[PDB]
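Shown below, as structure tokens, is a lone chain in the form deposited in one PDB entry; questions about how it binds or moves come after it.
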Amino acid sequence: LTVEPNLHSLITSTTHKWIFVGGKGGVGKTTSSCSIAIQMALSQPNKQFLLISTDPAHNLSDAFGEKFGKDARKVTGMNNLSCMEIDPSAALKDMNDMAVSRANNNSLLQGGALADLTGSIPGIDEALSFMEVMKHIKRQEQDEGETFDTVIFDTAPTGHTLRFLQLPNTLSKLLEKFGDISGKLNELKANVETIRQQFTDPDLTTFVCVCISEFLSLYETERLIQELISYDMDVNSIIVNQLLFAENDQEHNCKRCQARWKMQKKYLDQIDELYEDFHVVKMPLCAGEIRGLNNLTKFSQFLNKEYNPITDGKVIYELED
């Protein structure tokens, strides 16, 4: 049985609690995050969703045209979707800094410095950064009194934000050789392993990759998928953005564009043969800046029901202009 080229079963899932969305390059990652968030929220009115970002550029705020911050806020126009933009690294520095100060005048796992081993042991910084994020969330849940059913992580445009899933095994290997700090490491290792318990369960968390139909994007996506596999995180979906089905479009005249399409077609076919088992969802190029709830929802719709270049053209051109 063919694997539907859409995210319908995910957007419809009542089992997933953590959905990570990423893609390097200018591939429409942010708008994909918002679209998945909206689509999930509209399809499950009964539940509450959190869309979190780490990008210091406040991509979410300029995506929706609202102002989000460290405090969750419901997207204006929706009942069950909220956004929060934070900076884990910054808050970590502030917290670590004060801990260093308390040391000189004497996440509890910081007394003094466990952060110095950062530039030595891979994934400790990331684990600490992530724990910061998980903290800001729970604190928001405890105050507002309402817990989020599902969280969409608009992954950070750089680094390897979730390399910490390797931390546990990276430590055991180290702790054996080496056999204060030692106690903080074991406490950290226990924290990352309870998370892996969650993040490693296919029914609980998954990662959807975002990319454009180009050689470098395809290879970057391959790289990303291998990495996610090496973390035991589920990867079953790939969103391919900016596709211009020039093959038959309104005002479709431009030969340069036709040339581009021919190129995209080339790789779209490689992607389909390479990731047959994946949900490979094709999304139309939408010249402009899909911004604001309305347009984002109109466009996000194609994540659930595959886009038809023939039939649905009218819909995207109501946005592209």
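Throughout, rigid core stands for the largest set of C-alpha atoms superposing within 1.5 Å between the two forms. Numbers follow the displayed sequence, beginning with 1.
Another form, the form deposited in another entry, is not on view; read the next lines as being about it.
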Study note, to complete from the structure: The residue to pick from 228, 204, 78, 174, given a Cα shift of 2 Å or more between this form and the one not shown after core fitting, is 174
Review point. Is the C-alpha displacement of residue 56 equal to or greater than 2 Å between this form and the one not shown once the rigid core has been superposed?
Key: yes
Review point. If we fit on the core, is the Cα of residue 92 displaced 2 Å or more between this form and the one not shown?
Key: yes
**Study point:** Is_shifted residue 217 between this form and the one not shown (CA, 2 Å cut-off, rigid core)
**Key:** no
Study note, to complete from the structure: Assert for residue 133-residue 70 (C-alpha, 3 Å or more) in the other entry vs reference form: pair farther
Revision key, fill the gap. Evidently the Cα separation of residue 127 and residue 198 changes by 3 Å or more in the other entry, so the atoms lie farther
